[PDB]
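A lone chain, given as structure tokens: the form deposited in one PDB entry.
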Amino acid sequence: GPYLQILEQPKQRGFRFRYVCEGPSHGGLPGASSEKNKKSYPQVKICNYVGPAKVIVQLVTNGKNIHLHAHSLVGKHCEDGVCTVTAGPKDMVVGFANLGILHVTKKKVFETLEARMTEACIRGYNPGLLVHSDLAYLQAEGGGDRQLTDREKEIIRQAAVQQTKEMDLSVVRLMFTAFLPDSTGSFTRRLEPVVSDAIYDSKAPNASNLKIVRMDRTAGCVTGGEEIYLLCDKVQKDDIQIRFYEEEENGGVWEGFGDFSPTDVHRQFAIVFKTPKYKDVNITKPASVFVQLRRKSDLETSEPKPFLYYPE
């Protein structure tokens, strides 16, 4: 039958979440294949159906139990953290440019989360699959402002207080639910939602852009063991490592690692390390390698900086 697919995933990394105090106008969420010269944005497509329809986007959590997220989508076609776009009559590909992710503060998570649940229990933005599987009246179609019961209050409150402690504010996922026209019911044919790849906040320490601001020494002996002070952007003492490497024309690249313990990482912004030994202790002319920061957890690197090895 008819279904909804993700044509272009959102870019997992390199985008920064913004707080309410940071305002908007900090750029739109880019697509997985976006570039500076040719910009690209997340895109879905309605399959096995043509004609008018609507697609709603909303942030969900990242764990196994897909739950609502306290952050919000902001920008064009965005209200109350939910982005709604009408799918064209001819073109079924729905793009989402100028999208923004509003980073809600830790304090405001619970009240924001409990609000989203009470909104989805009335609007019908997938009530059971997100709030809790205990709410019975997953029936939606609208029903107007609907109604509230003093049992649903307890259910919503407990779901919110539970999902608050289970929520990571550094990673969100887009969820696209498509709605097709009904028997003059405007739009209420709920297609199964499609969760996108996890989006990681650029401001998070384990996802920020690695960079080597400067280095104490740019040349050292092949025997290694040379103490160097490296000034860098924010790193995590237990997660960072310093890699020298050279790309051999043979095919296999050589890599060594500067030696340091988490104690040598000074206040997340500098590293004192001893250099490794070059693979050729008995070299004739100086060899030219590069050095870079690398995160153990996800192997992200930094712009390499040159380095020279000398004979004895």
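Here the rigid core means the biggest group of C-alpha atoms that line up within 1.5 Å when the two forms are laid on top of each other. Residue numbers here begin at 1 and follow the sequence given. Only residues modelled in both forms are compared.
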Once average C-alpha B-factors are taken from the entry for 160 to 168 and 202 to 210, the winner is 160 to 168
Higher of the two mean Cα B-factors (138 to 146, 97 to 105; per PDB record) comes from 138 to 146
Among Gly75, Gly225, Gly81, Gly124, the highest C-alpha B-factor in the PDB entry belongs to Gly124
Per the deposited entry, the peak Cα B-factor within the set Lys234, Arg173, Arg217, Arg189 goes to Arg189
By its CA B factor, does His69 count among the lowest, middle or highest third of the modelled residues in the chain? lowest
Would you mind ranking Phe269 by its C-alpha B-factor against the rest of the chain and naming the third, lowest, middle or highest? lowest
Within this chain, which third does the Cα B-factor at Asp91 fall in: lowest, middle or highest? highest
Assigned third (lowest, middle, highest) for the C-alpha B factor of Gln241: lowest
What third of its chain, lowest, middle or highest, does the C-alpha temperature factor of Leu130 fall into? highest
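The same protein also has a form deposited in another entry, omitted here; what follows describes it.
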Align both forms on the core first, then report whether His67 has a C-alpha shift of 2 Å or more between this form and the one not shown. no
Superposing on the rigid core, does the Cα of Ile101 end up 2 Å or more away between this form and the one not shown? no
Pin down for me whether the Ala136-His67 Cα distance shrinks or grows in the other entry relative to this form (closer or farther, change of 3 Å or more). closer
Just say closer or farther for the C-alpha distance from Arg267 to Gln12 in the other entry, relative to the shown form; it changes by 3 Å or more. farther
Just the runs, please: which groups of three or more residues in a row shift their CA by 2 Å or more between this form and the one not shown on the core? 134 to 140, 142 to 150, 205 to 312
